[PDB]
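There is one chain below, alone, in structure tokens, taken in the form deposited without the ligand.
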């Protein structure tokens, strides 16, 4: 299947990404607390639901939340301010809280059931968010020997996510609060800049955007 692209809401960030976030890929955003990772996730969960000529994929969303940071009213606000029905947009987000890293891993396997169910509807899953990818792994796997164990478990979790992305033509978008290896297909470093702006750089030019009532935009 041909790759799809999802607009982030920011023309600057879209250009940095080569046209938006890609299906059949894991895009990781990483940066300090407050860099805007979760705001970008909320914006993408709306943008993907737009039709293709507006930067979406007519898609539904699955969201795995490890930090209780999903805000339904933020979805509704972004949707309404972009001309979309807030309740329809919210309804197309399947939401799950992951209680620990092992539950997080099961939830990704569980997501395949709904992905298959929706695959031939008019709104197949096109975006799978894991926010935060790493928080439970960081809290649970700590101390001597934890580097190898944590990286091996994360590698398996990421392999599961890569399979869903590649098999079902989904964009996987993950957040990471920040020498270690990584296996996301694209890594985007996010940081605060002047004037309330956020700055994004690809890891291994820079885009600049604001967090607004429309989610993010230039």
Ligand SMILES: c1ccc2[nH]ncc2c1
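Positions refer to the first chain, counted from 1.
Below, we refer to the form solved in complex with the ligand, which is not included among the displayed structures.
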For the form shown, open or blocked once the ligand is overlaid as positioned in the deposited complex, with the cut-off of 3 or more ligand atoms within 2.4 Å of backbone or C-beta atoms?
open
Region of this chain that lies against the ligand in the deposited complex, out of 109-117, 136-144, 67-75, 84-92 [heavy atom, 4.5 Å]
109-117
So, in the deposited complex, is residue 63 in contact with the ligand at a 4.5 angstroms heavy atom limit?
yes
